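Survey of secondary and tertiary structure
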Amino acid sequence: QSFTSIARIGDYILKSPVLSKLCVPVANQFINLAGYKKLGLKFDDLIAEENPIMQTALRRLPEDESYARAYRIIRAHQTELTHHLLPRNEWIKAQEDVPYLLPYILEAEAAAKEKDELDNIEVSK
Amino acid sequence: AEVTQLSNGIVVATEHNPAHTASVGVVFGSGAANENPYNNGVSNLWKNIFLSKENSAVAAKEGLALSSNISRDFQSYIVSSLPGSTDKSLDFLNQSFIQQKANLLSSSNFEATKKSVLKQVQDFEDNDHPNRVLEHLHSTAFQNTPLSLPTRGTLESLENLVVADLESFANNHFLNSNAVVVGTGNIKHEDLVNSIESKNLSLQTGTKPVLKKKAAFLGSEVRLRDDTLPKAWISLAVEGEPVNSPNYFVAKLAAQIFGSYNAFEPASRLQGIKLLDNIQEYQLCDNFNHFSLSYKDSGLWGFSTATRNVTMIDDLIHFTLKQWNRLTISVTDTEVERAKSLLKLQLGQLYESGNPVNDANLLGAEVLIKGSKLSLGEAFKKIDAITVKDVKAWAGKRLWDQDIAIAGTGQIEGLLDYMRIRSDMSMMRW
Amino acid sequence: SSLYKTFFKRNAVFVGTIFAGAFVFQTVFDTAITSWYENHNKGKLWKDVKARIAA
Amino acid sequence: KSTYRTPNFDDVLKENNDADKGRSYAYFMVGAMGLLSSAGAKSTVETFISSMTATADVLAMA
Amino acid sequence: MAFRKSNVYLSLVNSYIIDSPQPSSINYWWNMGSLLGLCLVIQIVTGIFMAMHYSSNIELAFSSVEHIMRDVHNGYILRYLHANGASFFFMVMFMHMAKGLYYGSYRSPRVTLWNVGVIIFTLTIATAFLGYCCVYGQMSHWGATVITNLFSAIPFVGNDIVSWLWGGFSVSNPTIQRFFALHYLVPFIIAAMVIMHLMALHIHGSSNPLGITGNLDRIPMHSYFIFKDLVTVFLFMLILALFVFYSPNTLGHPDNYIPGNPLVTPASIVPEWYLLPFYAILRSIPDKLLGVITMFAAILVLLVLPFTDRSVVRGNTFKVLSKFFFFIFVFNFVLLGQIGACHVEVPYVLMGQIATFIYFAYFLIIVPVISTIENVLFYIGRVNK
Ligand code: HEM
Ligand code: HEM
Ligand SMILES: COc1c(O)c(C)c(C/C=C(\C)CC/C=C(\C)CC/C=C(/C)CC/C=C(\C)CC/C=C(\C)CCC=C(C)C)c(O)c1OC
Ligand SMILES: C/C=C(C)/C=C/C=C/C(OC)[C@@H](C)[C@H](OC)[C@@H](C)CCc1oc2c(O)c(OC)cc(OC)c2c(=O)c1C
């Protein structure tokens with residue numbers, strides 16, 4: 001499933017205040033139960049990276065965010081292998097759990113979708 | 001857009017458009033395809049004395065500029081004037097090709113010119129690897145046949161050439177029945193044809209050239225391995241179309257489908273060419289360009305390429321030939337349509353540059369072969385009428401399971417054997 | 001040869017035609033060989049001996 | 001010697017008045033080899049596959 | 001360079017077993033694969049030494065196995081190792097597969113790895129069936145009969161396949177002799193498929209429990225995971241030893257201590273335990289053809305998971321709904337097996353048909369729906385517009 005599609009569905013829910021007030025609390029509680037914040041991760045650190053979109057996206061990430069992702073991932077592996085969680089003061093807070101990679105991903109998906117569209121354009125006379 | 005050609009005693013062809021300058025010249029219907037293995041380079045030598053410091057100063061006093069071009073089927077000697085001096089160009093043409101065609105070949109002039117085309121043709125072989133390869137492509141593709149002779153001649157036939165060889169050639173080919181006088185620029189047809197019918201005197205009229213034996217494509221290769229060069233340069237072609245082939249334009253369009261490429265130009269990486277998806281992943285080449293070369297008797301359809309990726313040359317060749325396979329079986333409407341538009345654009349940029357010397361060469365070569373020039377608007381009618389069905393029928397005859405001709409130089413250890421290349425001229429089917 | 005250019009016309013023979021020709025060959029060839037073989041051995045076969053026995 | 005001067009291949013080159021002579025011969029040979037191979041492979045596979053069918057001594061009519 | 005690198009044979013050993021970069025955080029669930037290689041070795045070694053004493057003739061096969069039990073020095077150890085080892089081979093394979101399911105190991109770029117795994121699983125199931133027939137007890141004869149008959153469901157040419165597989169009118173001497181020959185062969189084909197499995201593993205390396213890249217922190221196979229493997233190798237051997245010496249027949253069927261009888265099918269016939277879930281699936285369909293199609297499909301549907309897992313993250317570690325339904329799947333699978341062990345009777349027939357539905361619905365319906373929902377939940381829980 002593409003991030004363009006997740007964004008479509010998600011934004012529709014987020015705007016309509018019927019669904020927005022119904023779902024977001026469910027989603028908030030799902031995210032806390034997931035537990036990745038107790039390992040020091042942001043959600044975007046969790047995205048499977050072994051495909052061309054995510055490699056394009058990670059390539060385009062500014063240096064400082066790149067070094068930070070690298071630390072968070074290494075720190076997560078070390079904590080996982082010790083069968084601990086981090087000290088609570090080290091957990092990622094919800095304010096920090098930003099979609100930092102999302103804009104690069106969406107941009108790359110659009111570029112890719114256009115190429116696929118243009119490689120296959122029909123012509124009418 | 002004009003094409004006025006009429007024959008008096010000589011055949012006069014013009015095409016006028018208010019531009020700036022005017023170009024006058026004679027274009028002979030014999031080139032390097034008319035030479036021997038042993039006097040190969042006589043035409044190039046003729047060109048070079050015609051532009052010698054002696055003859056070139058006599059023209060520059062009068063405010064005239066000199067230009068010449070040796071090709072395979074033809075040969076041209078051209079003077080550009082400033083357009084009211086359209087008469088003083090015809091003076092320089094005749095003062096050279098009747099009077100001075102016994103004064104240009106003076107011992108000190110010939111030896112200093114021969115010494116200069118020797119440094120010239122040597123420099124070519126030493127350094128111009130793309131054109132060197134393309135010239136050897138013609139050499140092997142058309143071996144033991146008129147189209148195999150290189151236009152600049154070979155170093156060995158050149159250094160053994162004497163004044164009498166120039167003479168004998170000039171006396172057999174610079175004839176009236178093997179000539180066309182061409183005027184481009186802005187000058188009228190009746191402005192030139194009257195200045196020509198002014199002076200009579202025919203000079204060797206009634207004399208024909210010498211006949212020969214027809215050109216033929218032979219599937220083959222010449223491999224000029226040189227591991228000290230930093231790249232590999234290769235050209236590969238099938239037998240293409242002669243000028244005045246029904247498929248003259250289908251062939252040219254087919255070449256535009258794959259077009260040309262330059263890895264370092266951002267825009268070039270973005271063209272609507274399917275082959276580019278394959279070759280850009282591992283960067284299989286620095287550049288390629290497809291061509292449909294057409295001559296009187298035959299032609300070559302194929303591509304040339306240059307690369308520093310010397311361990312993946314086989315992928316370059318394989319992906320390129322798999323694309324060409326598609327022309328017989330699966331080329332799409334929108335590929336054909338893209339090619340139409342780009343063929344028009346490039347054919348336009350050729351036929352209507354702001355330079356009359358190019359116009360003269362294009363006019364001259366055309367009228368020498370078919371006795372007329374097809375107008376740019378007439379070509380576009382032919383180009384637009386081409387269907388996917390046409391390209392497929394053409395490719396199925398010229399491309400599919402057909403012999404090829406190969407030439408290369410530089411680091412071509414990775415260019416696989418002939419039969420491997422030749423097997424890729426088709427696909428397995430049920 | 002121009003016998004080739006009538007059927008297959010400068011193209012190679014395709015697997016489907018090859019496979020189909022092979023099924024045909026198998027039957028034709030077997031009958032041709034069995035025929036020659038049984039004929040060459042006329043007199044010696046059980047076929048021939050049974051024609052001279054009855055009970 | 002000049003590299004543009006192609007060596008003599010006249011002893012090998014078929015004096016081409018028939019264009020598709022070698023092609024028709026090659027493709028007939030390649031086609032015939034393909035035919036007799038497929039029939040051979042078929043017969044070989046059937047030989048092995050049939051060795052697994054009921055043996056002559058176990059077909060008893062009880 | 002070091003000799004272990006430069007030598008043509010040793011460099012293979014070095015790149016697979018010594019210097020191979022492992023993600024630092026893989027847990028003991030990643031020890032199952034080495035345990036599978038060990039199992040394969042135990043089965044092959046004990047089988048070859050037994051083959052030395054075994055006769056495949058249908059008159060002699062059962063007695064030749066009793067001869068291994070009674071007369072061959074340490075013969076009962078070889079036979080009990082082989083028989084109990086086959087069971088342990090399946091226990092560990094299910095865990096290896098379940099691990100793959102949980103952690104999204106089937107995902108890109110390890111799809112080829114997963115597909116080769118599914119082939120090995122089919123081959124291993126066929127190999128154990130061939131071996132089980134070689135005992136020629138009662139369960140052997142009727143197992144051979146029922147399973148060769150699976151192919152009779154094939155349109156038009158099905159009964160022809162079966163008589164060809166049998167080598168005659170019924171399961172007889174031809175049948176048991178060719179099943180021994182085949183039982184000897186297929187372990188070596190499994191060995192070649194394991195090499196192909198490790199080849200696909202090597203180009204992308206192992207995954208890890210976080211489901212993210214391992215590239216930022218690797219440690220060498222040698223030392224760390226060699227000695228970590230040793231821990232579970234000994235625990236595996238300990239438990240296998242407790243069965244082989246103290247409880248050698250607990251995982252088998254008493255009817256296979258009765259010589260096969262072509263005229264009598266015991267009322268107590270039950271498949272081997274590791275085949276029970278699949279048996280139940282077949283038994284739930286009251287049609288011959290569709291019964292065998294659905295059962296085979298229960299194995300092939302494993303191939304579909306890379307496409308129906310719509311999630312954007314690999315593995316279930318941080319997925320609340322996926323974890324829950326994964327364990328629904330596991331315990332549903334255990335139920336299928338408990339149904340297989342039961343009689344075709346009222347509550348059981350329906351429970352088996354519903355469990356069968358749940359089995360297929362997991363791959364085809366639950367995972368695509370739930371992974372989509374989780375995708376969206378992850379998004380709207382952090383985006384503020
Ligand atoms: C992946 C490998 C193998 C597996 C899963 C496997 C499994 C089995 C099974 C389930 C049985 C019946 C056990 C019982 O007695 O209840 C069996 C029997 C047998 N196997 Fe294997 N086997 C394997 C490899 C081999 C190999 C390579 C040989 C070598 C000839 C072999 C020879 C035998 C023999 C001689 C028997 C009959 C003795 C017995 O009943 O234990 N097996 N096998
Ligand atoms: C005789 C059978 C097999 C052998 C010897 C074997 C061996 C291995 C080994 C050594 C590993 C690496 C360590 C580990 O992750 O445990 C591995 C990984 C893997 N195997 Fe197998 N395997 C076998 C059967 C299978 C089967 C039946 C499947 C699935 C249907 C499978 C799926 C996988 C996958 C997906 C991985 C990668 C796991 C990850 O890194 O997340 N294997 N196997
Ligand atoms: C990146 O991931 C990896 C990884 O790559 C590896 C290698 C391991 C470690 C595990 C292994 C190396 C398993 C390896 C084992 C195999 C591939 C075995 C293949 C199977 C066989 C059956 C071997 C062949 C054996 C025989 C023919 C038997 C020999 C027979 C004999 C001696 C008969 C003797 C008797 C007489 C009478 C002469 C990991 O743990 C791991 O992740 C943590
Ligand atoms: C030369 C090799 C040949 C012909 C065969 C190999 C291929 C076949 C298989 O898979 C590879 C096959 C084992 C199948 O796989 C779908 C298993 C899940 C079998 C499941 C199985 O077991 C039974 C069993 O064990 C029995 O014992 C007493 C009795 C049985 O009836 C009562 C069965 C049974 O009704 C089924 C479905």
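Residues numbered from 1 in each chain as written, not as in the entry; some residues may be left out. Chains lettered and ligands numbered in written order. Part of a larger assembly, values for the part shown. Heavy atoms only, no water.

Judging from the entry metadata, X-ray crystallography is the method by which this structure was determined, and 2.3 Å is the reported resolution.

Chain E is annotated in the PDB entry as CYTOCHROME B from Saccharomyces cerevisiae. The record lists its title as "STRUCTURE OF THE YEAST CYTOCHROME BC1 COMPLEX CO-CRYSTALLIZED WITH AN ANTIBODY FV-FRAGMENT".

The name the PDB entry assigns to chain A is UBIQUINOL-CYTOCHROME C REDUCTASE COMPLEX 14 KD PROTEIN, from the organism Saccharomyces cerevisiae.

On to the coordination of the iron atom of ligand 2, then. Residues and elements named next belong to chain E. Coordination of the iron atom of ligand 2 by the protein is provided by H96 (NE2) and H197 (NE2), with metal-donor distances spanning 2.0 Å. Here the iron atom of ligand 2 binds 6 donor atoms, and the angle range of 87 to 178 degrees at the metal identifies the geometry as octahedral. On the criterion of sequence distance, the pair formed by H96 in helix 5 (residues 75-102) and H197 in helix 9 (residues 173-204) is long-range, its members being 101 residues apart. Here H96 falls in the partly exposed class, since its relative accessible area comes to 23%. (Donors = N, O, S within 2.8 Å, 3.2 Å for Na, K, Ca; no water. Tetrahedral: all angles 85-135°; square planar, octahedral: opposite > 155°, others 65-115°. Helix = DSSP H or I, 4+ residues; strand = E, 2+ residues; numbered from the N terminus. Buried < 20%, exposed > 50% of the residue type's maximum accessible area, 1.4 Å probe, protein only.)

On to the coordination of the iron atom of ligand 1. Residue and element names in this part refer to chain E. Surrounding the iron atom of ligand 1 are the protein donor atoms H82 (NE2) and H183 (NE2), at 2.0 Å. Each of the 6 donor atoms around the iron atom of ligand 1 contributes to a set of angles spanning 85 to 179 degrees, which defines the coordination as octahedral. Here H82, found in helix 5, pairs with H183, found in helix 9; they are 101 residues apart in sequence, far enough to count as distant. Side by side, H82 and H183 carry an identical accessibility label, which is buried.

Residues and elements named next belong to chain A. Viewed as axis vectors pointing N to C, helix 3 (residues 52-60) and helix 5 (residues 102-119) meet at an angle of 130 degrees, and their least axial separation amounts to 9 Å. The angle between helix 3 and helix 5 falls in the class oblique. Handedness of the helix 3/helix 5 crossing: right-handed. Residues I53, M54, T56, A57 and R60 of helix 3 form the contact with helix 5, whose participating residues are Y104, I105, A108, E109 and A112. Its residues assigned to classes, the contact of helix 3 with helix 5 shows 7 nonpolar, 1 polar and 2 charged. (Axes fitted to C-alpha atoms, helices over the stretch in contact; angles between N-to-C directions. Parallel < 35°, antiparallel > 145°, perpendicular 65-115°, else oblique. Left-handed = near helix turned anticlockwise from the far one by under 90°. Contact = heavy atoms within 4.5 Å. Nonpolar A, V, L, I, M, F, W, Y, C, P; charged D, E, K, R; others polar.)

Looking now at the arrangement of the chains. In this assembly 6 pairs of chains touch, with chains A and E having more contacts than any other pair. Regarding chain A and chain D, which are not in contact, the minimum distance between any of their C-alpha atoms is 38 Å. There is a gap between chain C and chain E: no contact, and a shortest C-alpha distance of 20 Å.

Time to look at the pattern of salt bridges. Side-chain pairs of opposite charge can arise whenever the charged atoms involved come near each other. One pass over the structure, following the stated rule, counts 37 salt bridges over all chains. Between B:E241 and B:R398 there is a salt bridge, with the nearest N and O atoms lying 3.0 Å from each other. Here B:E241, found in the loop between strand 8 (232-239) and helix 9 (248-258), pairs with B:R398, found in helix 15 (residues 388-398); they are 157 residues apart in sequence, far enough to count as distant. Of the residues examined, B:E241 reaches a relative accessible area of 4% and is grouped as buried. In this structure, E:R107 and E:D309 form a salt bridge, with 3.0 Å as the shortest nitrogen-oxygen distance. Within this pair, whereas E:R107 is found in the loop between helix 5 and helix 6 (111-134), its partner E:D309 is found in the loop between helix 13 (305-308) and helix 14 (320-340), the two being separated by 202 residues in sequence. (Salt bridge = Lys/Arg side-chain N within 4 Å of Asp/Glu carboxyl O.)

Before going further, it helps to spend a moment on the interface of chain E and chain A. Interfaces are frequently sized by the accessible area removed from exposure as the parts join. Tallying the contact residues gives 31 residues for chain E and 40 residues for chain A. Of the roughly 3500 Å² buried at the junction of chain E and chain A (both faces included), carbon and sulfur atoms supply 73%. Inspection of the chain E/chain A interface yields 3 salt bridges. For E:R382, the salt bridge identified is with A:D97, shortest N-O distance 3.7 Å. At the boundary of chain E with chain A, the tally comes to 7 residue pairs in polar contact. For the side of chain E that touches chain A, the elements supplying multiple residues, two or more each, are helix 14 and helix 15 (346-380) of chain E. When residues in the side of chain E that touches chain A are grouped by element, the largest group, 8 residues, is from helix 15 of chain E. Considering only residue class, the side of chain E that touches chain A consists of 16 nonpolar, 9 polar and 6 charged. (Buried area = accessible area lost by both parts, 1.4 Å probe. Polar contact = N/O pair within 3.5 Å; in protein donor to acceptor, adjacent residues only side chain to side chain.)

What follows deals with the environment of B:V310. Residues and elements named next belong to chain B. You can see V310 is positioned in the loop between strand 11 (299-307) and helix 11 (313-329). Sequence separation between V310 and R225 is 85 residues; the distance between their C-alpha atoms is 12 Å. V310 has contacts with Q411 and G414, leaving out every residue within four places of it along the chain.

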